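Peer 1: Have a look at this one.
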Amino acid sequence: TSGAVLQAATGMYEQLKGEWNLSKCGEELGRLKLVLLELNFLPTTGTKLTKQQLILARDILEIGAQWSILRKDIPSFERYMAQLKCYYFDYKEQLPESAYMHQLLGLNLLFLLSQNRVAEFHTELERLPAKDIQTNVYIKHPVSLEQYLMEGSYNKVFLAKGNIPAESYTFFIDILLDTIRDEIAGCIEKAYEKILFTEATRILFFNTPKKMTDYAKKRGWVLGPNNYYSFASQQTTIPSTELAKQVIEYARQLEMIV
Amino acid sequence: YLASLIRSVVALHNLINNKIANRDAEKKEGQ
Amino acid sequence: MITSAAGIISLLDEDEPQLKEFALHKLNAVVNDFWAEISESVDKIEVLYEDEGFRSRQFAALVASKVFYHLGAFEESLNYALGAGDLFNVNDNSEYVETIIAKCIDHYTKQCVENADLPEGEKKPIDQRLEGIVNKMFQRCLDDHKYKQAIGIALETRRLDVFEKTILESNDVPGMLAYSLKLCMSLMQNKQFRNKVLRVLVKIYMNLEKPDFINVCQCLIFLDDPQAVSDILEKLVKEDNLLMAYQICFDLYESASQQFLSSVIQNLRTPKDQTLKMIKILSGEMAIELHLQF
Amino acid sequence: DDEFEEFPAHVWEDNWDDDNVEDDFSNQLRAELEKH
Amino acid sequence: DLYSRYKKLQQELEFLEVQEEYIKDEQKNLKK
Amino acid sequence: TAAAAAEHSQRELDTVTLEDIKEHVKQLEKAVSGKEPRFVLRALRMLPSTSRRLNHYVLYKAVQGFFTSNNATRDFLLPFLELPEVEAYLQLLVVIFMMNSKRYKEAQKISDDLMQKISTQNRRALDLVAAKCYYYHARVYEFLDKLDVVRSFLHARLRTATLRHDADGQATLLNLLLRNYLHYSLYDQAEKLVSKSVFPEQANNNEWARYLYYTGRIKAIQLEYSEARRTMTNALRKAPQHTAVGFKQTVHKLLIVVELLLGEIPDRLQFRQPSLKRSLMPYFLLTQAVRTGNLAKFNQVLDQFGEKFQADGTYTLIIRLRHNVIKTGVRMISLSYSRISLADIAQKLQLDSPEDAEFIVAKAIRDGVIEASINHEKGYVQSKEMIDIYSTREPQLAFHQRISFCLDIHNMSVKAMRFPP
Amino acid sequence: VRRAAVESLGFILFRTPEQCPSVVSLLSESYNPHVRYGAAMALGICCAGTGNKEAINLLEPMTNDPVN
Amino acid sequence: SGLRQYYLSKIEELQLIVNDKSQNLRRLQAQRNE
């Protein structure tokens with residue numbers, strides 16, 4: 001029973017590898033998920049499988065993540081990455097080292113950058129080994145990108161597009177571009193009284209000038225393109241009721257018998 | 001604020017005296 | 001170990017009602033530790049419960065009740081524990097089970113006390129599964145050879161049928177009756193409920209193999225039922241038992257008021273020497289004469 | 001009282017500005033007067 | 001036993017809280 | 001006989017310690033019998049002194065003579081040594097002694113016995129000694145270096161101690177579980193737990209110290225630097241004065257890092273302190289390098305003292321440092337200027353171009369670390385027009401916070417006032 | 001009316017004699033002589049034919065009062 | 001026995017409430033006597 005199912009799972013895994021190493025992937029991955037559910041994803045402290053087929057389960061989950069990113073399907077990427085993080089971090093001792101791991105860890109870090117979840121990004125970094133952040137390239141590149149972004153060298157983070165350790169770090173750079181433009185827009189929001197169109201185009205990297213209205217058609221801080229755009233100028237009364245509330249509270253605390 | 005601070009300090013002194021008195025009474029009862 | 005349930009919670013989001021249930025099973029297995037993470041994702045379990053389910057409608061209820069219990073919202077935990085149905089498994093030494101049992105008992109007692117005073121028909125319905133949990137607790141206490149204090153739970157819940165059943169189908173019926181009468185006279189306040197409990201007590205007394213006529217007359221004095229005490233005396237004198245009636249009438253004079261005594265005397269009026277001297281006892285001629293002589 | 005053993009364990013009121021490293025004020029002022 | 005003790009404690013709580021209410025009111029009148 | 005005289009003096013001290021134990025047990029018995037479900041805190045205040053003064057012969061004689069009530073659990077102590085509360089306290093002392101002896105195997109076995117006994121005996125006045133027992137259980141499993149089953153066990157115990165509306169046990173269990181999470185760097189788990197849990201508003205000041213430290217660490221790694229800074233300053237204020245040197249050192253290290261991240265400069269009194277100079281010297285070098293604003297000295301300090309940075313754990317923070325090092329430069333510039341131009345800012349910060357300086361300063365405005373304005377028509381960063389802050393509601397708000405605090409203290413004191421008959 | 005209220009209190013609490021002294025210890029130490037008398041009489045009604053100890057302890061100092 | 005645990009939990013809760021309540025009442029009576 002168990003061994004035969006394991007052999008069948010291995011066979012269908014190798015069939016998937018031969019297939020791609022799109023749709024056919026999709027349904028093959030679904031079938032693999034069902035088969036592994038007849039098996040167990042996580043031994044969860046008391047089954048103690050120690051399976052080369054558990055290593056294989058991790059592998060098929062990885063190929064699922066790659067297929068998801070190839071499809072540009074963020075929710076599927078999130079699901080696969082959550083489960084892959086579980087596999088990577090939980091059973092470190094029993095499982096052997098996965099050489100094809102740091103690429104995906106850095107991919108998830110870059111995705112976190114793109115989604116602008118800096119807190120989760122830094123928690124993931126803290127989970128990661130300290131040495132790897134410097135020794136490796138796959139993790140170091142997202143780390144360097146976040147370092148540039150949080151230092152404020154937007155030109156540097158843009159220039160760092162080229163150095164992609166692997167092709168997988170693609171379209172996450174584009175979501176990161178969108179996030180970078182949003183952050184620049186936030187800087188223009190909280191600062192830069194009275195900004196102009198040409199300098200805004202130069203700084204907040206828009207598309208072709210004929211599309212320069214972008215982010216004014218969507219973010220639209222009631223810009224009012226008064227030639228200069230005026231930044232729409234975006235940015236004395238006694239709160240007697242609140243103050244009376246506070247003073248009555250003082251009187252209450254003074255007059256209560258306790 | 002000054003008034004309330006003074007009042008709180010006085011109340012703390014009163015409770016210090018009460019704790020000391022309770023300590024003395026229980027020690028005397030035990031002995 | 002596992003160190004993170006995020007993958008298990010993520011399994012739920014899928015559209016496969018075969019993956020979802022395994023996710024729920026692992027999630028329940030690990031809710032002992034990862035309620036913190038699962039709480040933010042509870043809403044997904046909420047919607048999953050709110051559908052056909054395919055064993056999701058069963059297990060998601062228990063999972064959500066467990067996570068809400070861990071979180072602290074017992075009011076919302078109770079609803080989902082009830083919705084679980086047969087998966088609660090009252091019979092197990094689990095702290096979650098014990099706490100939800102306590103909360104359900106408190107909720108039932110509150111509901112019964114609240115709705116009892118309302119009209120006969122104007123009663124807000126109870127949940128049948130909640131009633132079933134309460135009755136399962138009643139039956140477990142009975143099976144534990146712990147007959148006592150099941151009477152107390154019944155008294156708090158204001159349901160008599162269980163009170164009667166547990167106080168009858170139990171050992172030391174005299175002792176349990178004495179305990180019940182002590183409770184009924186001393187602690188409980190609601191007069192209508194006290195009268196109902198005393199009616200049950202007198203019914204049990206009379207249906208006993210050897211009726212305790214003195215306690216019956218005490219309860220009847222409390223109930224203010226001169227017709228019933230008169231009928232009891234009539235039966236007691238028709239059957240050859242005179243010392244019972246003598247002491248019954250003495251206690252009736254010593255406890256009941258003048259109006260009650262007059263009413264019972266009138267009922268008796270409605271050998272004859274026995275009846276005449278019963279009337280004399282109830283009027284109290286001999287009681288006062290004996291006290292003066294003493 | 002309680003001890004947090006669970007965590008393993010110039011008379012002067014010196015100031016941060018004292019640690020700066022720069023030329024002597026005499027040299028600085030000499031250069032200033034020299035160039036002005 | 002346990003039910004009787006529970007009812008005793010409930011009644012003691014109610015009695016003590018009503019007593020405290022009375023003491024609060026009496027203290028107010030004494031201040032006046 | 002010098003050895004015999006030393007032994008005689010030691011046994012005299014031992015008899016004094018037995019008398020102290022007798023007094024503590026009497027206090028426990030007064031607690032259980034009389035009202036005031038307290039005085040176990042008095043019994044336990046001297047617990048560190050008792051643990052320090054415990055001895056092998058003392059505990060051996062104590063186990064031989066005591067536990068006379070019933071039960072033969074004395075066989076769980078005598079081979080290792082060659083009532084409702086007294087057993088718990090004496091057994092806590094015994095497990096502490098096995099800790100001091102480093103015999104972690106029997107320490108953990110007997111501790112598990114303690115946990116079974118506490119679960120069996122559901123008592124409230126006992127719950128304080130229960131919390132101390134939980135603390136020492138976490139310590140023994142830490143020394144054993146497992147701290148794995150610790151998570152689940154303390155977590156269920158926390159569930160019990162919060163279902164029962166306790167404060168001391170709640171705080172102790174929450175702190176222990178937070179430390180368990182940090183030990184394995186489960187910062188997301190700790191953050192979720194802290195967000196979904198309420199720390200008891202009336203818990204021991206030391207539990208406040210620990211909880212504030214852990215929450216500040218979570219916030220710092222989560223990129224809430226102001227929150228972490230204020231939380232850990234409160235922790236430092238709460239921590240004891242003439243003790244807890246290790247806790248103080250850890251808090252000082254990470255608070256120095258967090259303030260440098262905020263862009264401020266830590267006080268030099270910290271580093272000058274007698275108890276902290278040697279430990280904080282690497283951070284003194286780090287602060288010097290950042291204040292000087294020199295990446296070369298910063299990097300050489302980091303390379304020289306990486307080891308201590310592994311031991312403490314700050315690397316993510318120590319690179320977020322570099323970030324807030326350029327931030328520190330811009331914050332000083334905005335602190336000592338009112339209308340400086342972008343070219344001047346760039347030159348002073350040694351930045352590459354006024355464009356880069358403009359980006360840096362605009363983002364600093366966003367983060368609110370300099371709290372100014374900017375104007376690139378003429379290429380100069382203006383500062384907010386400082387307003388006379390006394391004809392506004394800020395003094396009212398500050399005095400309101402302080403007045404409410406004083407009123408609350410008076411109410412707490414007049415409530416705690418007790419009359420024992 | 002104050003005195004009548006205290007007497008009524010005793011009449012209510014006569015069934016639990018140990019309970020009343022807790023109520024009436026404070027009333028007995030009242031600056032209002034009518035309320036003090038009501039406290040005494042309430043203790044009497046409550047602990048009539050009971051011979052309680054705290055009730056007598058409260059009554060004795062009241063037996064030594066300056067008011068008539 | 002489960003109902004016994006229920007009863008003990010309720011008993012402990014009410015006992016603690018009554019203990020602190022009597023503490024507070026004693027203090028209030030002392031202030032009133034003052």
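Each chain in the structure tokens gets a letter, A, B, ..., in the order shown, and its residues are numbered from 1; ligands are numbered from 1 in order too.
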Taking only C-alpha atoms into account and nothing else, which residues of chain H lie no more than 7 Å away from chain F? Please answer as a list in words.
Peer 2: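 Applying the cut-off to the listed atoms yields residues 19, 23, 26 and 27 of chain H.
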Peer 1: Those residues you just picked out, can you put them in a file as a PDB file, in the first residue's frame with N, CA, C and O atoms?
Peer 2:
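What ended up in selection04.pdb:
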ATOM      1  N   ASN H  19     -13.735  37.657  49.203  1.00  0.00           N
ATOM      2  CA  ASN H  19     -12.569  38.033  49.993  1.00  0.00           C
ATOM      3  C   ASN H  19     -12.202  39.490  49.752  1.00  0.00           C
ATOM      4  O   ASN H  19     -12.074  40.280  50.699  1.00  0.00           O
ATOM      5  N   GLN H  23     -12.487  42.761  52.316  1.00  0.00           N
ATOM      6  CA  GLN H  23     -11.364  43.677  52.502  1.00  0.00           C
ATOM      7  C   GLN H  23     -11.811  45.123  52.310  1.00  0.00           C
ATOM      8  O   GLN H  23     -11.591  45.994  53.168  1.00  0.00           O
ATOM      9  N   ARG H  26     -14.194  46.393  55.021  1.00  0.00           N
ATOM     10  CA  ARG H  26     -13.483  46.721  56.249  1.00  0.00           C
ATOM     11  C   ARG H  26     -12.839  48.095  56.140  1.00  0.00           C
ATOM     12  O   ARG H  26     -12.943  48.923  57.055  1.00  0.00           O
ATOM     13  N   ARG H  27     -12.175  48.359  55.012  1.00  0.00           N
ATOM     14  CA  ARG H  27     -11.542  49.663  54.841  1.00  0.00           C
ATOM     15  C   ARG H  27     -12.574  50.788  54.848  1.00  0.00           C
ATOM     16  O   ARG H  27     -12.360  51.843  55.463  1.00  0.00           O
TER      17      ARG H  27
END
Peer 1: For residue H:8, please output as an mmCIF file with C-alpha atoms, in the first residue's frame all residues within 10 Å (counting only C-alpha atoms; exclusion window: fewer than 4 positions along the same chain).
Peer 2:
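Everything below was put into part31.cif:
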data_model
loop_
_atom_site.group_PDB
_atom_site.id
_atom_site.type_symbol
_atom_site.label_atom_id
_atom_site.label_comp_id
_atom_site.auth_asym_id
_atom_site.auth_seq_id
_atom_site.Cartn_x
_atom_site.Cartn_y
_atom_site.Cartn_z
ATOM 1 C CA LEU E 2 -21.050 22.039 46.709
ATOM 2 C CA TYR E 3 -24.342 23.532 45.520
ATOM 3 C CA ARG E 5 -21.762 26.255 49.427
ATOM 4 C CA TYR E 6 -22.115 27.961 46.042
ATOM 5 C CA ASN F 122 -6.253 23.471 41.350
ATOM 6 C CA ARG F 123 -5.627 26.128 43.999
ATOM 7 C CA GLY H 2 -17.047 17.247 35.757
ATOM 8 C CA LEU H 3 -19.894 19.022 37.521
ATOM 9 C CA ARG H 4 -17.717 18.902 40.633
ATOM 10 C CA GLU H 12 -13.274 29.738 43.856
ATOM 11 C CA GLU H 13 -14.439 32.670 41.734
ATOM 12 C CA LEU H 14 -17.100 33.741 44.225
#
Peer 1: Select from stretch 4-177 of chain C everything DSSP, run on the backbone, classes as alpha helix (DSSP H), then give the selection as a PyMOL selection string.
Peer 2: chain C and resi 6-13+19-40+42-49+56-71+74-84+95-116+128-143+150-157+160-168+173-177
Peer 1: Could you please determine the separation between atom CA of residue A:53 and atom CA of residue A:100 in Å, to one decimal place?
Peer 2: 16.3 Å
Peer 1: List the neighbours of residue F:204 out to 9 Å using only C-alpha atoms; skip same-chain residues closer than 5 positions along the sequence, and give me the result as a list in words.
Peer 2: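 Close residues of residue F:204: residues 167, 168, 171, 172 and 209 of chain F.
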Peer 1: Restricting the output to C-alpha atoms, write the selected residues as a short mmCIF file (atom, residue, chain, number, x, y, z; two decimals), in the first residue's frame.
Peer 2:
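What follows is the written file result-v3.cif:
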data_model
loop_
_atom_site.label_atom_id
_atom_site.label_comp_id
_atom_site.auth_asym_id
_atom_site.auth_seq_id
_atom_site.Cartn_x
_atom_site.Cartn_y
_atom_site.Cartn_z
CA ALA F 167 -2.33 38.03 36.95
CA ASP F 168 1.01 36.72 38.26
CA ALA F 171 2.42 37.45 33.22
CA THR F 172 5.00 34.77 34.00
CA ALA F 209 10.41 44.60 32.79
#
Peer 1: What's around residue G:35 at 12 Å? Count only C-alpha atoms, leave out sequence neighbours fewer than 6 positions away in its own chain, and write the answer as a compact mmCIF listing (two decimals) with C-alpha atoms, in the first residue's frame.
Peer 2:
# COMPACT_ATOMS: atom_id res chain seq x y z
CA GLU E 26 -23.53 56.96 54.91
CA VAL G 1 -38.28 56.63 60.26
CA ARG G 2 -34.56 55.88 60.47
CA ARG G 3 -35.09 53.88 63.67
CA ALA G 4 -38.06 52.06 62.14
CA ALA G 5 -35.93 51.20 59.12
CA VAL G 6 -33.23 49.65 61.30
CA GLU G 7 -35.83 47.68 63.28
CA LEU G 9 -33.80 45.39 58.95
CA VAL G 24 -25.46 46.39 62.76
CA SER G 25 -21.88 46.75 64.01
CA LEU G 26 -21.51 49.86 61.85
CA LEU G 27 -25.01 51.19 62.56
CA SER G 28 -24.40 50.80 66.30
CA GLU G 29 -21.46 53.20 65.90
CA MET G 41 -33.40 46.86 68.86
CA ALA G 42 -32.71 45.27 65.47
CA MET G 62 -23.90 50.47 73.59
CA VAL G 67 -27.42 58.99 75.47
Peer 1: Env of residue G:53: 12 Å cut, atoms = only C-alpha atoms, seq-sep filter 3 positions within chain, self excluded. Answer as number ranges by chain.
Peer 2: G: 17-18, 20-21, 43, 47, 50, 56-60
Peer 1: Sorted by chain and rising residue number, which residues of chain E lie within 9 Å of chain C, and what are their closest atom pairs and distances in Å to one decimal, counting only C-alpha atoms, as JSON lines?
Peer 2:
{"residue": "E:1", "atom": "CA", "partner": "C:149", "partner_atom": "CA", "distance": 7.3}
{"residue": "E:2", "atom": "CA", "partner": "C:149", "partner_atom": "CA", "distance": 7.0}
{"residue": "E:3", "atom": "CA", "partner": "C:152", "partner_atom": "CA", "distance": 5.6}
{"residue": "E:4", "atom": "CA", "partner": "C:183", "partner_atom": "CA", "distance": 7.3}
{"residue": "E:7", "atom": "CA", "partner": "C:187", "partner_atom": "CA", "distance": 6.7}
{"residue": "E:8", "atom": "CA", "partner": "C:187", "partner_atom": "CA", "distance": 7.7}
{"residue": "E:11", "atom": "CA", "partner": "C:187", "partner_atom": "CA", "distance": 8.6}
Peer 1: Using N, CA and C atoms, can you export the residues from the last selection as a compact mmCIF listing (two decimals), in the first residue's frame?
Peer 2:
# COMPACT_ATOMS: atom_id res chain seq x y z
N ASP E 1 -23.73 19.45 48.84
CA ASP E 1 -22.67 20.14 49.56
C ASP E 1 -22.14 21.31 48.75
N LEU E 2 -21.63 21.00 47.55
CA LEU E 2 -21.05 22.04 46.71
C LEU E 2 -22.10 23.05 46.27
N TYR E 3 -23.30 22.59 45.92
CA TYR E 3 -24.34 23.53 45.52
C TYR E 3 -24.74 24.43 46.68
N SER E 4 -24.87 23.87 47.88
CA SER E 4 -25.21 24.68 49.04
C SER E 4 -24.12 25.71 49.32
N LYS E 7 -24.39 28.51 46.72
CA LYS E 7 -25.47 29.44 47.03
C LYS E 7 -25.12 30.32 48.22
N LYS E 8 -24.45 29.75 49.23
CA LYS E 8 -24.02 30.54 50.38
C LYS E 8 -23.10 31.67 49.93
N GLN E 11 -25.04 34.42 48.06
CA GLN E 11 -25.78 35.29 48.97
C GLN E 11 -24.84 36.19 49.75
Peer 1: Tell me which protein, DNA and RNA residues are within 8 Å of residue F:289, counting only C-alpha atoms, leaving out same-chain ones fewer than 5 positions away, and put them as a ChimeraX atom specification.
Peer 2: /F:294-295,297-298,301
Peer 1: If I take atom CA of residue F:252 and atom CA of residue F:48, how far is one from the other in Å, to one decimal?
Peer 2: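 So the two atoms, atom CA of residue F:252 and atom CA of residue F:48, lie 24.2 Å apart.
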Peer 1: Take atom CA of residue C:207 and atom CA of residue C:273 and report the distance between them in Å, one decimal.
Peer 2: 29.3 Å
